[PDB]
Amino acid sequence: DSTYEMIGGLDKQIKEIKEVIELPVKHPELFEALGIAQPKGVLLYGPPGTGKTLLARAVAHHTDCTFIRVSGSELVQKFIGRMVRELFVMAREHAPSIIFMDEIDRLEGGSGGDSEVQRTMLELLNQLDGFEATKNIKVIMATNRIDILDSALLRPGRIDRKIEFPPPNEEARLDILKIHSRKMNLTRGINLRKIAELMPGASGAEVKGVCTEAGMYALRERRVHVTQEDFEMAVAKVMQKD
Amino acid sequence: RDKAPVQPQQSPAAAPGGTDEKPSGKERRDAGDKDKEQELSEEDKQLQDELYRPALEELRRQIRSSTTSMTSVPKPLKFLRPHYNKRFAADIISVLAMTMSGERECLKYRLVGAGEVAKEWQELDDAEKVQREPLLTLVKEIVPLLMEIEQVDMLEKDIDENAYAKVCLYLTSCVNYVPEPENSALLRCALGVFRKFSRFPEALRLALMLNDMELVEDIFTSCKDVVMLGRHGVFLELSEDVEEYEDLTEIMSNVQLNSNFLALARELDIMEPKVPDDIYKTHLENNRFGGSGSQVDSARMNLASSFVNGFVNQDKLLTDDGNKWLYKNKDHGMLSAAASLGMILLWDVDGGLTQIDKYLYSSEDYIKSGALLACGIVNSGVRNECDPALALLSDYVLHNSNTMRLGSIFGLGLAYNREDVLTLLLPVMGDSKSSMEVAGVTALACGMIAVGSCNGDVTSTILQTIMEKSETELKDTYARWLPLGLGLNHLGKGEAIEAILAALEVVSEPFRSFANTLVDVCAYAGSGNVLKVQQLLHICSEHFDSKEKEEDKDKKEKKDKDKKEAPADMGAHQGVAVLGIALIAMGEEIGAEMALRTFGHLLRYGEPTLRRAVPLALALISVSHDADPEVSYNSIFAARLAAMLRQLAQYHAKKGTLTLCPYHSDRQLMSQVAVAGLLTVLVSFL
Amino acid sequence: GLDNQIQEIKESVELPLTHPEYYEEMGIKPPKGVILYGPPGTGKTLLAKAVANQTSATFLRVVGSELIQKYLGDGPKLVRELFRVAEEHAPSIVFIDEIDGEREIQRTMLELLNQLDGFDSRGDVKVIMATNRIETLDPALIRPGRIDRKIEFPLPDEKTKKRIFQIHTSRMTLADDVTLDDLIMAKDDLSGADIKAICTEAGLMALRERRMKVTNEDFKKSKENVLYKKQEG
């Protein structure tokens with residue numbers, strides 16, 4: 001589900017995005033007094049914020065809409081489907097929907113089939129740019145990895161939305177790390193404040209790096225509860241690759 | 001902020017707690033409150049808990065008006081005796097007095113049918129004359145009870161906003177939504193605000209709707225004292241109906257104070273600017289007389305040439321193309337060609353006299369009868385041709401004065417409560433000659449004479465022709481063209497129960513019941529009568545396939561203004577007669593693409609009734625897309641009826657009763673060719 | 001400030017298929033069309049000028065010429081398909097927007113040059129060309145397309161943006177301090193989507209305090225984002 005109880009730290013950005021996404025949801029009457037239309041979407045460029053998808057699944061979970069991705073990372077690639085019209089038919093039947101690519105986030109064949117997917121979403125943006133079947137059809141890009149150059153280059157911020165997202169709120173390092181500590185078995189004498197604030201410079205992926213790279217020492221010592229010293233070692237275990 | 005300290009302040013019923021808690025709510029009442037007044041559960045005890053009572057009633061109506069209510073809100077206002085551009089007064093007056101006075105004026109409007117709503121509605125009149133919100137205080141003060149001088153109590157400074165806006169949307173909603181008894185208040189109160197103010201032509205429209213002589217007299221002395229003139233003379237005579245131009249010519253025949261109202265406004269001066277300007281600034285090519293004058297044959301394309309020549313009036317070459325053109329055609333072509341020279345000479349009384357005098361006292365019957373018709377068409381205010389025509393009409397069995405009665409009575413009826421010619425037409429109605437066109441041009445003559453009567457009339461003339469109509473139930477064409485003149489006499493009604501009287505005596509076998517439904521066609525000129533729309537949809541499945549044609553044909557006359565509701569799915573059915581009902585119901589307006597879109601599907605049909613009926617309204621509603629549809633007619637066609645009619649539409653392809661009567665009488669063309677003798681002398685054109 | 005211009009070109013484009021007495025009897029026959037261009041471009045200015053013909057008619061929209069470089073050099077075959085479908089769909093209006101090895105581009109440009117002129121075709125449909133800048137394209141495309149008359153985008157004459165602002169604000173709620181002369185005079189070379197964009201973000205920014213009425217200070221405060229955004233790059 002990944003509701004608001006599993007994502008936090010972007011209060012200003014959800015306060016700014018409720019007018020981009022939540023506008024056709026609960027207050028569509030401002031079309032006369034304001035004169036707004038359906039934009040292309042929104043994207044967040046920079047380091048991985050450990051929850052780049054939990055936000056889309058969160059707003060989509062509160063909008064009470066379906067989540068249909070394009071690349072089909074989890075058994076949703078051929079379930080719907082020239083494999084280009086079935087997505088628009090399911091988008092016509094299911095008017096509330098949020099599209100977010102996660103799997104896309106050799107240069108000869110990988111850019112060949114990946115160039116076929118890019119041409120697919122380009123002609124889909126041409127069909128949706130020319131005509132429109134129903135509302136509440138918006139696409140969201142993902143620029144968090146290094147191999148993402150087409151989405152960052154083709155979206156400079158001229159006819160789309162752009163958000164500077166290197167330093168989200170420092171809660172992408174602190175409070176979503178606390179949330180990632182709520183799921184796993186957490187003790188009561190831990191202080192995530194210092195170990196969460198003392199990881200500067202490297203990247204924003206310190207949450208997933210310290211959790212996943214700390215699971216090898218919680219798997220080595222076989223401790224029933226995760227201690228702060230495990231995360232302290234995980235800081236070095238993720239700073240060695242820098 | 002936090003309501004913890006100030007929340008338990010209203011709970012104690014102590015007088016000091018009220019005299020300091022209520023001023024706090026008045027201070028925080030500028031923006032209403034910080035929330036939606038969720039304290040109802042804690043003030044529902046103060047609801048009944050009453051010296052400084054107007055403040056507690058003010059806060060009570062403030063919270064009850066704040067969260068929700070339907071009747072309990074204005075009671076603290078009517079009991080409060082209100083006392084004591086910012087945001088506070090703009091809110092509590094604008095929106096709180098908007099919804100508040102709206103539900104109070106509505107609940108008192110539908111509740112009782114006291115001066116509380118009067119004095120308070122005048123207080124809102126002043127408050128909204130200070131706030132000055134346009135068309136909103138108006139659009140809400142529409143239905144508030146009084147319908148009196150309050151408008152002149154508001155019409156002091158804002159003249160163009162209230163006139164343009166209020167008269168525009170309140171006139172459109174006063175002819176579409178608001179019924180007639182309040183529209184009379186629009187006519188009298190608009191007579192007040194517009195009589196005391198400027199913009200005379202809209203008051204002249206108030207004379208088009210009132211049909212009174214005091215308005216045109218006051219606007220002729222007020223417009224006479226202030227000195228262009230020819231324009232308001234032109235649409236003055238065009239806008240005035242048959243009643244107020246003879247009442248106008250009798251009060252102006254009394255004084256008129258100027259010699260310019262009789263001399264200028266007597267006759268020939270609505271056409272004296274038209275003819276020379278049309279000859280000077282416009283010039284028609286001779287290819288119309290060349291083509292339409294070159295493909296004439298079969299004695300019917302020549303009839304089309306009698307339509308072109310008959311309604312042409314710059315060029316008069318075909319008129320002066322020698323002789324024998326009248327003799328080559330048929331008898332109806334002898335009437336058409338004999339009346340063409342009279343229809344082209346609506347000017348130069350001496351010239352029309354010296355041109356039609358040749359056909360007078362001729363040897364043929366239709367040359368002299370069409371010559372008297374021409375003498376009736378050339379003018380409409382000379383009335384000196386009455387004696388030579390009427391002097392010989394008394395024959396009663398068979399004589400040339402029967403066709404001379406067709407042309408003389410028809411043209412004399414086009415020239416004009418005239419009692420002498422009607423009492424002379426009484427023996428004509430009693431005659432009942434075999435030719436239907438006698439009672440046709442007689443009933444239509446006196447009918448067009450009597451259009452616009454105040455609440456109709458139940459006089460013994462039309463009562464006499466109703467008795468004679470009930471005498472013998474033969475020759476149903478009498479039961480078709482007599483209700484024409486009857487309904488024309490019933491025209492101008494505002495509250496006449498004459499339709500119900502006809503629903504009492506006239507109701508009989510479906511012939512005179514068809515006359516009754518023709519009275520129903522001339523009984524629903526237009527008001528707020530949605531009961532006739534649901535009753536219309538309920539009666540749309542009648543077995544009688546003619547009362548649907550006429551009663552449903554009335555659609556183009558009833559809703560002639562609101563054209564958004566006129567297009568429907570009538571064509572998708574199988575009742576081609578209804579397809580003709582919409583085909584005629586198109587009209588003569590600017591001709592939007594929806595009408596021509598209906599002419600696209602209605603154009604292609606096999607029966608000559610619909611194929612012959614489609615080009616008339618096709619070219620009447622589009623009068624510059626004229627050549628391509630005619631090429632479509634040439635592609636579909638290539639009998640003689642469609643050829644004569646397609647050349648007719650080739651010619652004429654390029655709210656007064658005078659333009660509404662000829663086609664409504666022309667709705668009976670699906671019969672013998674005898675109607676074609678009267679088809680060429682229609683007055684619906686200019 | 002372009003009502004006489006839009007009615008002049010409107011009469012220049014409505015004379016075919018409508019009002020035929022002064023189109024074929026007198027012998028006008030301009031079977032070539034016109035060519036348009038806008039300095040701001042964006043397709044919304046030219047779309048707002050040619051949108052007067054889209055009211056009651058059939059319209060065709062082909063934006064950009066990327067479909068030639070993105071694939072192999074198939075040639076003008078797609079233009080031939082648009083030509084045969086324009087012949088089968090004569091009651092329409094042809095409009096092309098965003099008109100932007102080397103030996104093939106020249107031969108398909110000359111073939112498109114002769115094809116656009118229509119040597120073996122009379123007046124059957126109207127073709128209107130549009131691009132960002134007329135100076136970037138070769139001047140050889142002028143004679144086939146523009147043979148009647150061309151028009152350039154005017155300046156902020158304080159009447160066009162005033163009329164468009166009146167249409168967009170025909171039902172909006174604005175305060176009395178919201179003047180118009182500083183807005184229509186301060187702006188320069190802005191399309192309808194720019195004034196509509198600053199009005200949209202102005203109402204959306206005024207909605208942050210549940211204010212149904214937009215003030216002038218919030219309108220200029222919202223305009224600071226567009227004026228600052230256009231100067232950042």
# chains A, B, ... in the order shown; residues from 1 in each chain; ligands from 1
call {"tool": "residues_around", "arguments": {"residues": "region 32-37 of chain B", "least_positions_apart": "3", "cutoff": "8 Å", "atoms": "only C-alpha atoms", "output": "MDAnalysis selection string"}}
result
chainID B and resid 1 28:29 40 63 66:67 88
call {"tool": "interface_residues", "arguments": {"of": "chain B", "to": "chain C", "cutoff": "12 Å", "atoms": "only C-alpha atoms", "output": "PyMOL selection string"}}
result
chain B and resi 31+34+85+87+285+287+592-594+597+622-629+654
call {"tool": "residues_around", "arguments": {"residues": "residue 190 (chain C)", "least_positions_apart": "6", "cutoff": "9 Å", "atoms": "only C-alpha atoms", "output": "CSV table (one decimal) with C-alpha atoms, in the first residue's frame"}}
result
chain,number,residue,atom,x,y,z
C,40,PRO,CA,7.3,33.5,-30.6
C,45,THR,CA,-0.3,32.1,-31.7
C,156,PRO,CA,1.9,44.7,-28.4
C,161,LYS,CA,-3.7,41.3,-25.5
call {"tool": "residues_around", "arguments": {"residues": "residue 3 (chain A)", "least_positions_apart": "4", "cutoff": "12 Å", "atoms": "only C-alpha atoms", "output": "ChimeraX atom specification"}}
result
/A:7-8,51,53-64,179
call {"tool": "write_last_selection", "arguments": {"atoms": "C-alpha atoms", "output": "PDB file, in the first residue's frame"}}
result
ATOM      1  CA  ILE A   7       6.496   7.778   3.475  1.00  0.00           C
ATOM      2  CA  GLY A   8       7.498  11.153   4.873  1.00  0.00           C
ATOM      3  CA  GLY A  51      11.315   5.978  -1.775  1.00  0.00           C
ATOM      4  CA  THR A  53       8.433   5.001  -5.970  1.00  0.00           C
ATOM      5  CA  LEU A  54       6.785   5.022  -2.528  1.00  0.00           C
ATOM      6  CA  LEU A  55       5.700   8.611  -3.209  1.00  0.00           C
ATOM      7  CA  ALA A  56       3.995   7.763  -6.510  1.00  0.00           C
ATOM      8  CA  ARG A  57       2.380   4.694  -4.939  1.00  0.00           C
ATOM      9  CA  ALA A  58       1.444   6.872  -1.945  1.00  0.00           C
ATOM     10  CA  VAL A  59      -0.314   9.635  -3.890  1.00  0.00           C
ATOM     11  CA  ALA A  60      -1.771   6.931  -6.133  1.00  0.00           C
ATOM     12  CA  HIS A  61      -2.848   4.982  -3.039  1.00  0.00           C
ATOM     13  CA  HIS A  62      -4.635   8.031  -1.601  1.00  0.00           C
ATOM     14  CA  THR A  63      -6.177   8.953  -4.970  1.00  0.00           C
ATOM     15  CA  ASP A  64      -7.793   5.469  -5.056  1.00  0.00           C
ATOM     16  CA  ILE A 179      10.388   4.485   8.433  1.00  0.00           C
TER      17      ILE A 179
END
call {"tool": "residues_around", "arguments": {"residues": "residue 187 (chain C)", "least_positions_apart": "3", "cutoff": "12 Å", "atoms": "only C-alpha atoms", "output": "PyMOL selection string"}}
result
chain C and resi 155-158+160-162+180-184+190-192+194-195+198+220+223+226-227
call {"tool": "atom_distance", "arguments": {"atom1": "CA of residue 22 (chain A)", "atom2": "CA of residue 155 (chain A)"}}
result
22.1 Å
call {"tool": "residues_around", "arguments": {"residues": "region 140-149 of chain A", "least_positions_apart": "4", "cutoff": "9 Å", "atoms": "only C-alpha atoms", "output": "list in words"}}
result
residues 40, 41, 42, 43, 44, 45, 46, 47, 48, 49, 52, 53, 56, 98, 99, 100, 101, 102, 104, 105, 153 and 154 of chain A
call {"tool": "write_last_selection", "arguments": {"atoms": "C-alpha atoms", "output": "PDB file, in the first residue's frame"}}
result
ATOM      1  CA  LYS A  40       2.888  16.403 -19.187  1.00  0.00           C
ATOM      2  CA  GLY A  41       3.878  15.397 -15.658  1.00  0.00           C
ATOM      3  CA  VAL A  42       6.650  15.899 -13.124  1.00  0.00           C
ATOM      4  CA  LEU A  43      10.051  14.382 -12.375  1.00  0.00           C
ATOM      5  CA  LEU A  44      12.690  14.416  -9.631  1.00  0.00           C
ATOM      6  CA  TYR A  45      16.301  14.482 -10.830  1.00  0.00           C
ATOM      7  CA  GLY A  46      19.246  13.761  -8.566  1.00  0.00           C
ATOM      8  CA  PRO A  47      20.320  10.967  -6.230  1.00  0.00           C
ATOM      9  CA  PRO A  48      17.945   8.123  -5.311  1.00  0.00           C
ATOM     10  CA  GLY A  49      15.854   9.326  -2.400  1.00  0.00           C
ATOM     11  CA  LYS A  52      11.232   7.503  -5.253  1.00  0.00           C
ATOM     12  CA  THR A  53       8.433   5.001  -5.970  1.00  0.00           C
ATOM     13  CA  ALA A  56       3.995   7.763  -6.510  1.00  0.00           C
ATOM     14  CA  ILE A  98      -0.701   7.040 -12.348  1.00  0.00           C
ATOM     15  CA  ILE A  99       2.121   5.941 -14.662  1.00  0.00           C
ATOM     16  CA  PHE A 100       5.658   5.629 -13.288  1.00  0.00           C
ATOM     17  CA  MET A 101       8.547   3.694 -14.818  1.00  0.00           C
ATOM     18  CA  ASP A 102      10.778   1.880 -12.320  1.00  0.00           C
ATOM     19  CA  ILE A 104      14.108   1.833 -16.724  1.00  0.00           C
ATOM     20  CA  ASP A 105      15.591   3.870 -13.856  1.00  0.00           C
ATOM     21  CA  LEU A 153      17.826  15.952 -21.608  1.00  0.00           C
ATOM     22  CA  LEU A 154      14.373  15.985 -23.234  1.00  0.00           C
TER      23      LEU A 154
END
call {"tool": "residues_around", "arguments": {"residues": "region 325-341 of chain B", "least_positions_apart": "2", "cutoff": "7 Å", "atoms": "only C-alpha atoms", "output": "MDAnalysis selection string"}}
result
chainID B and resid 299 302:303 306 309:310 323 343:345 366:367 370:371 373:374 676:677 680
call {"tool": "closest_residue", "arguments": {"among": "C:5, C:108, C:200, C:53", "to": "chain A", "atoms": "only C-alpha atoms"}}
result
C:200
call {"tool": "interface_residues", "arguments": {"of": "chain A", "to": "chain C", "cutoff": "12 Å", "atoms": "only C-alpha atoms", "output": "MDAnalysis selection string"}}
result
chainID A and resid 15:16 18:20 23 27 30:37 39 115 119 122:123 126 129:131 156:159 162
call {"tool": "atom_distance", "arguments": {"atom1": "CA of residue 351 (chain B)", "atom2": "CA of residue 416 (chain B)"}}
result
21.6 Å
call {"tool": "select_by_dssp", "arguments": {"residues": "region 232-402 of chain B", "states": "helix (DSSP H, G or I)", "output": "MDAnalysis selection string"}}
result
chainID B and resid 232:239 242:254 274:281 287:291 301:310 325:328 331:343 349:356 365:378 386:390 400:402
